[PDB]
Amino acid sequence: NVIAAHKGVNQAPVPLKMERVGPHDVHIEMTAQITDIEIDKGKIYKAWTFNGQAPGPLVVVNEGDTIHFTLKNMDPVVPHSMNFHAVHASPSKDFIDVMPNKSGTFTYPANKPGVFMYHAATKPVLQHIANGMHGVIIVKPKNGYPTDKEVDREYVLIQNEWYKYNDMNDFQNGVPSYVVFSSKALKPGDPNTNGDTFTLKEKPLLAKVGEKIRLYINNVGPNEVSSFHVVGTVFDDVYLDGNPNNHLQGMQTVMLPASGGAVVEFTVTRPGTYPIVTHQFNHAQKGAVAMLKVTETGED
């Protein structure tokens, strides 16, 4: 199922570009590009990506920022596009296709705090998402969260599925071959990984005994819901979609729809390694287990 013009194509990752251009305005430039990603050991997926990552690079803006977004399409033959769930926009004017070897710029406001999916909007959308064109944009709430002062350390996790390569029958009708977590960096030194079955097991996220950890999470799908759970703890506080008003306490497991987000916070009380799962254990068995290593110092 490899398009003739994609045979042998493996475009090197290109860094995300972002710069603030006013107190409430931010420029973002991404690419659409075709990049080989190792999704399981020995298994390469020639993914349709933003910037050579799948999920794509993390975007963080402030509530009330208007985003001036440019997509540079490096794919030699397939059009691509961008839909941010954070924004208010006209889909038929602002989420439109950018043709091969062209760029397009679109402007829209991020009025709402939270942890939002982004993805390509090009028909068939299922094909673009399943092939890798998904990601997260975080919109920071103007007044924070009521538990901000309690949080010691924070990371971003994203859940996605992988199917048989570019196979629309499988995408529509088949079980996922792999379900995976990735982490995207918020601060210098944080890991930045792609959706694969192994990296966050072999290179766990790090924390220190006694810390309260915040995770910004989103299940991008394309197709499955997620039963998000951290082994050995309970979520002290949960904010559905990352909106501070949607505040639950003491949850064992957080139900995420496809594209669903949350801010979750939990305390790690003892040294050890703590798995992070979707509790739909067929999906966990097919890759969706990450690890958090908790040490007396927070160092590995």
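Numbering starts at 1 and follows the sequence shown.
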Legend entry - Residue stretch of maximal mean CA temperature factor, 216-224 vs 94-102: 94-102
Inset, instruction - Return whichever of 14-22 and 276-284 has the greater mean Cα B factor according to the PDB record. - result: 14-22
Legend entry - Out of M82, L186, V175, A86, highest CA B-factor residue: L186
Inset, instruction - Choose from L126, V151, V136, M133 the residue with the greatest Cα B-factor as stated in the PDB record. - result: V151
Inset, instruction - Could you tell me which third, lowest, middle or highest, the C-alpha B-factor of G52 occupies within its chain? - result: middle
Inset, instruction - Rank-wise, by C-alpha B-factor, drop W162 into the lowest, middle or highest third of its chain. - result: lowest
Legend entry - Ranked against its chain, the third holding the CA B-factor of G232: middle
Inset, instruction - Place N169 in the lowest, middle or highest third of its chain's C-alpha B-factors, as listed in the PDB entry. - result: middle
Legend entry - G195 - which third its CA temperature factor falls in, relative to the rest of the chain: lowest
